[PDB]
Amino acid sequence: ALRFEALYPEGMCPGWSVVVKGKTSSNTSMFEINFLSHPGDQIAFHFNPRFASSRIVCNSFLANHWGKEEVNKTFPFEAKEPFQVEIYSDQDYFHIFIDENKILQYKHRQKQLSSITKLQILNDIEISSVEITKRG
């Protein structure tokens, strides 16, 4: 289910940091953080920690379909343990830092960065804080 959504019509990319703090209830579930663009509610960036396999899956949902998955084996998450995910975008990538260490970068596929106006957080995450801050 949808746990949190934010809308910033002036565009939250590039140059904004998103910090999500929370914890996941189950050791077999998953959550996701999506950045969506208008028009068409396309998913520019989908970030999906999967606890059953201890993998992070990233992708984009453009032209009504997913593209190639980018799978990361660095998995700094444990069920029921608080975590902090920071996502920052520059001209070329989304950058992910978890518990203050750099984890991965994801090259933009949606180039219309300024049309990325929506943040969505779904599924198994009990959110304690969301911060959205201009840094660029």
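Rigid core (definition): largest C-alpha set, two forms, superposition within 1.5 Å. All residue numbers refer to positions in the sequence shown, first residue = 1.
**OP:** Give, as the answer, the stretch of 28 to 36 and 70 to 78 that departs more from the shown form in 7 other deposited structures of this protein; the measure is RMS Cα distance after a core fit.
**Re:** After superposing on the rigid core, the more displaced stretch in 7 other deposited structures of this protein is 70 to 78.
Subject >> Selected stretch [higher average CA B-factor]: 42 to 50 or 26 to 34 >> reply: In the deposited entry, the stretch with the higher C-alpha B-factor mean is 26 to 34.
**OP:** With reference to the PDB entry, specify whether the mean Cα temperature factor is higher for 97 to 105 or for 81 to 89.
**Re:** Mean CA B-factor is higher for 97 to 105.
**OP:** Report the third (lowest, middle or highest) to which the CA temperature factor of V130 belongs, ranking only the modelled residues of the same chain.
**Re:** Its C-alpha B-factor, which the entry lists for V130, ranks in the middle third among residues of this chain.
Original post:
C-alpha B factor of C58, ranked within the chain: lowest, middle or highest third?
Top reply: Lowest third - that is where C58 ends up once the chain's C-alpha B-factors are sorted.
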